[PDB]
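# Summary of the model geometry
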Amino acid sequence: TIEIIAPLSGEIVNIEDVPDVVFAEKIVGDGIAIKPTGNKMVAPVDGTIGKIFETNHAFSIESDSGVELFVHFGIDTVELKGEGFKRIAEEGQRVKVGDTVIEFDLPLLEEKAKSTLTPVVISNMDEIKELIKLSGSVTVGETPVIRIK
Amino acid sequence: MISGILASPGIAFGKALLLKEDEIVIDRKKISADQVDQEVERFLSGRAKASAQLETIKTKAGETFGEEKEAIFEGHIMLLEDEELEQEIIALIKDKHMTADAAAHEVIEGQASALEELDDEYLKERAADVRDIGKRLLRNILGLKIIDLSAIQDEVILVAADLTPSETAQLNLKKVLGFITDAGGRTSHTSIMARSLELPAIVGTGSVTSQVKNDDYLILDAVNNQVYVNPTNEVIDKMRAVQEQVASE
Ligand SMILES: O=[P-]([O-])[O-]
């Protein structure tokens, strides 16, 4: 059993309730969304960072346990061209749970972003036995959000 | 004196590739009842190709760029196989006795047309991706020749009026020394790709493709925002001395 730790603080939301058909229809993988309340995005697992968007608002990480995740802050946030985000980590970086990847400006994004809803999805769906979605409020790098087998 | 918006600063030297596309011809002639069954089969037979060819492009995006670009094709493919399109495309042909290329165009154009009515630049771009799916479908039914940007055996610069997300996936990054286009400016993920890829490129040229022929030798300054077409050796030597200053800087 693999526990995915919350990459940001907030409230868990259904991925189906995200205002984006590609995520809502899980074309991109399956998982949950988080209505953010903090200021930073950390590694939800021990693994290696894969790709950081040039707008520094989303990233990919592979856990050591072999799970591929994809954390994308907000909806249509690329349109802000990097405003409100600061890449803290580097592509290829090895990380442990809780390591800071990116910091963001919530209030700014709350004002400028179409939505701050943040999908956390598994992009490896075909390699996993089960995905158990959790519920509630989470605390960055502490509270588990998904359990996988 | 040609100037664009310059999306990525840098310099490059190479041949120019020109993407030429013939205009798609639509038949306004109405079909007869006996032709209703045949036109549906042509659509299914033509749709049968794009089904397998679109899937091939998806696999290239996953290995080439990653899962971030692989799933975008699944949405386009999944939308194309939407059961609403099958019934709506067939109903017009069966009900209005229209042609598959003319009837199918109305269905994809009809939805994209509704999206344009939206007063948002973000929703309008997605309508561009949906429009592209129907645009190629017409070529797939007719069976028009496709250049395919993957058939590049020599390093060249990529010049086009505008590139659709579908081309960016099946695009050879190592054989393309840069990207030049006269699109709007930000464009979908394209102009954005030059930024993230960190390669020299222009997107607001305005009319460079009409001045360039394929196999033309061009030098991209991406620093003075100028393009040199067939420059003498003395001009290159002068440009090389300036490049050395930039390296020192
Ligand atoms: O996937 P994206 O909107 O940066």
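Structure determination for the deposited model, as stated in its record, used solution NMR.

Taking the PDB entry as the reference, chain B is identified by name as Phosphoenolpyruvate-protein phosphotransferase belonging to Escherichia coli. Here the PDB entry title reads "Protein Phosphorylation upon a Fleeting Encounter".

Chain A appears in the PDB entry as Glucose-specific phosphotransferase enzyme IIA component from Escherichia coli. Taken directly from UniProt, the Subunit text for chain A runs: "Heterodimer with glycerol kinase (glpk)." Regarding chain A, the relevant UniProt record gives this comment under Subcellular location: "Cytoplasm".

## With respect to the sheet that holds strand β12 (residues 131-133) of chain A
All names here are of chain A. Taking strand neighbours across the sheet as the criterion, the three strands line up as β1-β14-β12 in an open arrangement whose pairing is antiparallel. The two strands at the open ends of the sheet, each matched to only one other strand, are β1 (2-5) and β12. Mean inter-strand twist for the sheet, computed between neighbouring axes without regard to direction, equals 25 degrees.

## Some details on the packing of helix α3 (residues 83-96) of chain B against helix α4 (residues 100-116) of chain B
All names here are of chain B. Remark: α3 packs on α4, axes separated minimally by 9 Å, with the N-to-C direction vectors making an angle of 135 degrees. Relative to α4, α3 is oriented oblique. Here the hand of the crossing between α3 and α4 comes out right-handed. Of α4, the residues touching α3 (which contributes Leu85, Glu88, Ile89, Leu92 and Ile93) are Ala100, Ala103, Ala104, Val107, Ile108 and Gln111. A breakdown of the residues in the contact of α3 with α4 according to their chemical character gives nine nonpolar, one polar and one charged.

## Details of the nonpolar core
If you look at the biggest cluster of nonpolar residues, it comprises 34 residues, and the most contacted ones within it are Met41, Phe59, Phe73, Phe104, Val145 and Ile146 of chain A. Counting only elements with at least two residues in this core, the list comes to β3 (30-36), β5 (47-52), β6 (58-63), β7 (68-72), β10 (100-104), α2 (106-112), β11 (118-122) and β14 (144-148) of chain A. Setting aside residues no more than four positions away along its own chain, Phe104 of chain A makes contact with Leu8, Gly38, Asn39, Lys40, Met41, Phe73, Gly84, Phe85, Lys86 and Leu109 of chain A. By size, the runner-up hydrophobic cluster in this structure holds 14 residues, among which are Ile31, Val107, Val130 and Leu137 of chain B.

## Notes on the domain arrangement of chain B
All names here are of chain B. Split by domain assignment, chain B resolves into domain 1 (1-20 + 147-249) and domain 2 (21-146). Computed over C-alpha atoms, the centres of domain 1 and domain 2 are 31 Å apart. Across the boundary between the two partners, domain 1 contributes 17 residues, which contact 14 residues of domain 2. Here domain 1 is connected to domain 2 by zero salt bridges. Linking domain 1 to domain 2 there are six residue pairs in polar contact. Elements supplying a minimum of two residues to the side of domain 1 that touches domain 2: α6 (165-169) and α7 (189-197).

## A look at the interface of chain B and chain A
The interface of chain B with chain A comprises 16 residues on the first partner and 15 residues on the second. When the two sides are added together, the surface that chain B and chain A hide from each other amounts to roughly 1300 Å², 61% of it contributed by carbon and sulfur. On inspection of chain B and its partner chain A, the count reaches zero salt bridges. Linking chain B to chain A there are zero residue pairs in polar contact. When contributions to the side of chain B that touches chain A are tallied by element, the ones reaching two or more residues are α2 (67-80), α5 (121-142) and α7 of chain B.

Basis of the calculations
- Per-chain numbering applies: from 1 upward along each written sequence, possibly unlike the entry's numbering, with residues missing coordinates excluded.
- As a convention, the first chain written is A and the first ligand written is 1, with the rest following in written order.
- In computing side-chain values, all of the structure's heavy atoms are included and hydrogens and water are not.
- UniProt positions are given in the numbering used here, feature names are shortened, and annotations may be inferred rather than shown by experiment.
- For two strands to pair, DSSP has to find at least two bridges joining them.
- Comment: elements are numbered from the N terminus, with helices defined as DSSP H or I runs of at least four residues and strands as E runs of at least two.
- Between the N-to-C directions of two axes lies an angle of 0 to 180 degrees, each axis being a line fitted to C-alpha atoms and, for a helix, fitted only over the stretch in contact.
- Each angle is binned into one of four classes, with values under 35 degrees roughly parallel, values over 145 roughly antiparallel, values of 65 to 115 roughly perpendicular, and all other values oblique.
- Crossing handedness follows the turn of the near helix against the far one: under a right angle anticlockwise gives a left-handed crossing, and clockwise gives a right-handed one.
- In what follows, a contact means two residues having at least one pair of non-hydrogen atoms within 4.5 Å.
- Residues are grouped as follows: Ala, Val, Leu, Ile, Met, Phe, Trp, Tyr, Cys and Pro are nonpolar; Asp, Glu, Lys and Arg are charged; all remaining types, including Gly, are polar.
- Nonpolar core, defined: a set of buried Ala, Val, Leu, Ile, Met, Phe, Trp, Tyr and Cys residues in which side-chain atoms within 4.5 Å join the residues together.
- Here the term buried applies to any residue with accessible area under 20% of the maximum for its type, exposed to any over 50%, and partly exposed to those in between, with areas from a 1.4 Å probe on protein chains only.
- Domain segmentation is taken from an automatic or database assignment of domains.
- Within this document, salt bridges are pairs made up of a side-chain nitrogen of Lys or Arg and a carboxyl oxygen of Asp or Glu, the two lying within 4 Å of each other.
- Polar contact criterion, stated in full: a pair of N or O atoms within 3.5 Å, where within protein one must be able to donate a hydrogen and the other to accept it, and residues adjacent in sequence count only if both atoms are side-chain atoms.
- When two parts are brought into contact, each loses some accessible area as probed by a 1.4 Å sphere; the total of that loss over both is the buried area.

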